[PDB]
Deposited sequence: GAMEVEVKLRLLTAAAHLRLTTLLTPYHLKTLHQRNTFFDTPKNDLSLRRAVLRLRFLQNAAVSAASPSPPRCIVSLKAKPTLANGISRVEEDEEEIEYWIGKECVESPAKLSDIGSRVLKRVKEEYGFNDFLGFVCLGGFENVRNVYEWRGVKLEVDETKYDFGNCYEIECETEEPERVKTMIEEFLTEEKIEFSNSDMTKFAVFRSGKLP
């Protein structure tokens, strides 16, 4: 895959998130409704090898829903900056849905990314895989001061979490730009130290 580098900051409260979305209103591009689902063996073979296999179902708020398969490998997350190798590929929506119900059916897709999972992690098929479940996220996308901001409201059983992300080749300068703005506007933030999947799997608020 290619390297995804992003600024990743946590917004500390629902009020902070609301204030930020209000402030960013003029810059709004689109709102995405995402359902993230994840797959691994019962022995956590992918996780143990620093890999996450996600099927994301998405819908923009013609607008057909989409399913994107992602393999993310060898992530780092430190000081508000994420770097991870990512491979993504669109698959048919109805096929993705079938796989959530019956993970073995991942074996029946002619997918580039799923072939890469088989080859790189030593599987001949997905008969041994389970669905770990998943969670919903609402992503607001803004075009602001030359960057694309993604503001996330992530819905877990144990509560919601809120983040601001920005994919960029200049993560230090962009992180500074964002932090200065949040500080001036008195919005509560910190570095994000956990991925959404890691929060999900922990079963508790970070």
Next on the checklist: Going by C-alpha coordinates, which parts of the deposited sequence are missing from this model?
Outcome noted: 62-67
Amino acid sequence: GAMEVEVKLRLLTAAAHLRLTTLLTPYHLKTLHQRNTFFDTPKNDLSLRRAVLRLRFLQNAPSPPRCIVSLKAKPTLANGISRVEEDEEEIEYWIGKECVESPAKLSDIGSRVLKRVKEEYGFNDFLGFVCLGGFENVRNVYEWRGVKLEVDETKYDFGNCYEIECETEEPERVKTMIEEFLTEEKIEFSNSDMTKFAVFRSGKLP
From here on, numbers count along this sequence of modelled residues.
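We call the rigid core the largest set of C-alpha positions that still match within 1.5 Å between the two forms.
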Checklist outcome for this item: Should one compare 101-109 and 79-87 by root mean square Cα distance from the shown form in 4 other deposited structures of this protein, core superposed, the larger belongs to 101-109
Checklist outcome for this item: Higher Cα RMS in 4 other deposited structures of this protein relative to the shown form (core alignment), 22-30 or 64-72, goes to 64-72
Checklist entry - What stretch has the higher average Cα B-factor here, 33-41 or 157-165? => result 157-165
Item to check | Per the entry, higher mean C-alpha B factor between 12-20 and 181-189 | outcome: 181-189
Item to check | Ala73, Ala78, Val130, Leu106, ranked by C-alpha B-factor: the highest one | outcome: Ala78
Checklist outcome for this item: For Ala61, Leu55, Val151, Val52, the deposited C-alpha B-factor is largest at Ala61
Item to check | Chain-relative CA temperature factor third for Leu48 | outcome: highest
Checklist entry - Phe123's Cα B-factor: lowest, middle or highest third of the chain? => result highest
Item to check | Record-listed C-alpha B factor of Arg139: chain third | outcome: lowest
Checklist outcome for this item: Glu88: CA B-factor among chain residues, third -> lowest
